[PDB]
């Protein structure tokens, strides 16, 4: 059972695809195991770069393929390197840039909490053939959080485990529990842009919506909300065009519907005040003057939308 | 006639292109057949990964090319693996991510029922040369439906069949019935986002559109519906920018046309009310009070879209 | 002069690029020619798939490169196959997906008539060396016309010709008339979508534009025409953002100009009526009642533009 | 010093990238030079296609690499062909699609004059080793300019020159004047689409903007210009979203700014007219009748833009 | 420790990705070192182009892989060349196009000062094996600044240094200090487009926003600011649709927020004017006359952003 030691170096995690639930990761893989002692030129370890690695394999060098389980497509592999030591040991070092998959929940945008995951597992060798001895991940990140889209929080989380597959080859003794490495990097979204450029003005839009009750005439009260209605649509447009596409409603999407709700509610109330009367122009002096009622009733509905 | 057993493992179905009628599928293919017994090291199966497979083929290993009939372009092949057994049997395992084609009807969007199809067929070997014995498809997906865009319903539809080509090679006896595996996975679109962020507020727009008749003056009644027209255009725009591009009208597209219609009808009625008179400002108390006539008359247009 | 038989199988024509005058074609090419008889294992036809073809070419197998004259870039080749018959004949079969170029006029969009073209020609062997004997094209298409963007007219038109190049190598006898196969597929755009979702609502806009004349006051008449102006711009935006990009104006584009024209023309009349007087407020009783003049005057200008 | 004759065939120039100053060219390069006499099969010239050229190079065929100096990235090479003559001469033929760079000034859009340039130069061989004897360029183009985006003007300008590099290897005699072929093709933009769908309606907007002075009331005069301002915003949006992205202002971009100014200037006067009084509402009968002042002052300021 | 001299030629820096913090660089690398003296054909230096370089590596030619540290993905390599001199020395010349990463601060857009960086490091050989002797970078650029998006300032900054890695093999002597070349190119953004087409009219919107106080009636004063609000919304959209996406607010983003604030302040003031009274109709003749108060009160808040 060959013991394989892994070391992952993470350079950059970028380009999150919200729709595809995807993120790109650039870095290096280092895999080490001990083989049969070799005769190296001179006696210091022998270096075999890119092209030449295949040539060594053709001569029977065992270099096991390690698969990125949760990779989308196949990674762009940069430089490959084999370091052959005379005492037997082998070090496979290669740089990669890959597109990775993971379950991502974006409901509480733009205050989402995400975790970037890497899953490594031998493609052909089961737990009894190839075994992951240990793994350390180096997240060589730091500083300038206010410049980056994501703020990495913890340090790299690591777990070597054994994955059992129920439907495999015509093999029955016990060859089915491949050993799998799982790396986890926690991150939080930089909410600064969405607060100041979306939440804030949306708030002012919704706030200024309530100012329709301070209008004197009914004709004024009603027609203005059509302009106000037209505003929320215009804002829904600007929102939807810039925010990331998802198959569900976010906090902001809820806020927009709530905006649509306030205006349509105002429309009903304004009409109600005017034509529900006991003479003709009896605009319910108090209901037309609900100028504080549903702004704070909106603060009640606002606190429940979070609940 | 070589009997081949196939097993498909579906990891991810994502990235639907509505216009090209395209969807992406990531997974593994496993194909197995029994060859002439080989003498493997020890007696345990011999493993051959990626690069080395080609070399073995040059030495006379028969590894049949299985074509994905309904693939767009050529799929990204990840790791390749040949498992050679001493008793003869051969197992081909490879990871793939491909863009596949299938007829997709998006008329009743966002309430689609779609089906993702895979069609496997040997590229050069007919039914009498190579025949598909059986296939099981493993959709190891489950849970968290409200996070994913599509909801997979059944397990997997499977069908091995024989395709006759009328125009083929220089063969006339019977080399023309290639065997095809056809895998079908049914899915329904997650309508949650589109209902709350598109359907609902559109309804309120159309709803509030009719409130233009509760205006007192003729000028108020008329001028306001222009703002209302401008509202539907703005909403039609917001719709088009976000929704999937199609070469036909959807339910949503139809609602928008209906929006244009309701406003245009009111325009006609409002002008009519004022100018259908025996003096000049005889605004027909019944027609200016079509405040219940065509709002629920629109519910007839709504039931006709359902019929 | 080697006689070559060609068969093109068209699977899907999609992805028309309006600006580049380009369309994507997925399908198979089959080329057959008769060489000197071979000794195949047994006597059974020999099959050579992908990788192995190059090995045969290195050993002196003549497989002429057949170039797609009008392809942009180089096509995505799927599976390749050499079928070598013992009587001599050789069959090259390969799947391809390519982006093809052709002159495309989109002026009378969305009512275009286009034709999808393929041009095959030997890359290195002239007519006296290699000549295209015959070609059949199989467009295994039919049905689902109102689900698809294009309606195919013919089945497939073909023309084998000899292309004379006037400026080539320092060769003078007669080596310059390469034989070319040209396949043509006629198609018509399904204008239904653009009619209901673009032509129609634009029409309602222009129509309701004319309703500016049923307004009483001058201030109403003029101020309303500014909201009307803003609506057409809103529509111009919505149109261009969704419709295909071209280097010229379409039928839809002209309607938009016509909308702008009607309103600016209306602006001129409305101002004219008020200030062209014999007192100050003598609004010309007939010119203010141009409520029918240019609605049918636009239908006159509209019907003349069709000429 | 090997005399090399080159012939460039241009099939298609498309896909201008305004920001990157890039354009795509599809075509063929043909290179001919005379080597030491060969003994060819039969005695007529030998043809070598794609794959086989590398094999010939491995056995000592000198095929010099010709670099596209102004290519961005590395070109899509189609078919390669070596034609080996017994009298010595060798003819290299290959099809290419490449993205080329050139300084492109788009200031006077959509009335650009552009020139598409190709620069060819040997990668490793200087003027005394390899020299370009002559070059002819064939633009096999013609007809239907009103169908294409760019109108090719000239035929093709040609220039073989000697390029001196001052910093190369530690080499000193005179090995620094690589011979370079420079192909230039002039073209003019088809302004039809931009004129009718952008210049004109923008023009009508700016013109009709001035109709703000024929309004009676101050409130009307002022409030209308807010709708007028909102229109230019809408138009700026529609323009910029469709127009090519640039790092400078175009003619059309200038038109838009001119619109903002016309409207803001109107706002200032309208406020000015009103509060510059001998009572409160004494609007200077001539300043309210600046209905002719700055419309023709706009044509005076407009012609200065030509200066 | 092999002394390697490097020379980078920068052709084009283009395509900045604001979110990914990425820029594309086209150019050449030249690497020179002295090997063991060779016997070259004739006696003049031997040239080895593209394909043949691998062949030399197989026969034992040491050609060290020099890795681009801050490269995203793997660069597109154009022509490769090995120049082998008889005295021993070897020169590697290769053209490259790569996407590079660097910390990029875009806060003060469109007035960014950016620096484009290249980082070279040997992939497999440490400081005691391979040492960077010296490096010169040639940015053969100059002139035509008003045409390009970025204005290159310096002549290019250099830093040859030694990077220590702390976590590698079970190696203890001193092999962990790879030598790294870092090239820096300073650049400034061409702000012209964003000033005239974004900064300028946005200011006019804000300026004209204040003109709401020159309105006489209360309803006019209040209702007009809703058109004004909708305009800033309209403008926020146009800004966002054209300007580059970032995870933080820029000056322009701030200008828009300043607008939303200015208008909301007016809404509150206008409402305040109307209802804070000692009679009923005391619309503060003085506070409605803040027509100069917060135009300069906005200039007080505005000048604070410079400090």
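One is the number of the first residue shown, and numbering goes on along the chain from there.
Quick reminder: no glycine exception, Cβ is built from N, Cα and C everywhere.
Annotation source Swiss-Prot lists motif 'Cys-loop' at D:105-113. Listed by sequence, the residues of this chain that lie at least six past the ends of the motif 'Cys-loop' (D:105-113) yet keep a Cβ under 8 A from its Cβ atoms are 18, 186-189, 191, 193-195, 198, 243-244, 246, 248-252.
Secondary structure of the topological domain 'Cytoplasmic' (D:216-223), assigned with DSSP and counted as helix (H, G, I), strand (E, B) and coil, comes to 6 helix, 0 strand, 2 coil. Residues or ranges marked as topological domain 'Cytoplasmic' by Swiss-Prot on the basis of sequence analysis: D:216-223.
Packing against the topological domain 'Periplasmic' (D:245-254) from elsewhere in the chain are residues 18-19, 106-111, 194, 198-199, 202, 239, 305: each is 6 or more residues past its ends and has a CB under 8 Å from a CB in it. Positions annotated as topological domain 'Periplasmic' by Swiss-Prot, on the basis of sequence analysis: D:245-254.
For D:195-215 (among others), the entry in Swiss-Prot reads transmembrane segment.
Look at Swiss-Prot and you will find D:224-244 (among others) tagged as transmembrane segment. Away from its own ends, the transmembrane segment (D:224-244) comes close to residues 18-19, 106, 109, 198, 201-202, 205, 209, 212, 215, 250, 252-253, 256, 259-260, 263-264, 266-267, 270 of its chain (Cβ-Cβ under 8 Å, at least six residues beyond either end).
What Swiss-Prot records for D:255-275 (among others) is transmembrane segment. Only residues 6 or more beyond the boundaries of the transmembrane segment (D:255-275), in the same chain, are considered here, and those with a CB under 8 A from a CB of the stretch are 199, 202-203, 205-206, 209-210, 212-213, 218, 221-222, 225, 228-229, 232, 235-236, 239, 249, 281, 283-284, 287-288, 290, 294, 298, 301-302.
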**Asked** the topological domain 'Cytoplasmic' (D:216-223): which same-chain residues, six or more beyond its ends, come within Cβ distance under 8 Å?
**Response** 267, 270-271, 273-274, 281, 283
**Message:** Please count the residues of the motif 'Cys-loop' (D:105-113) that DSSP assigns to helix (H, G, I), strand (E, B) and coil.
**Reply:** 0 helix, 1 strand, 8 coil
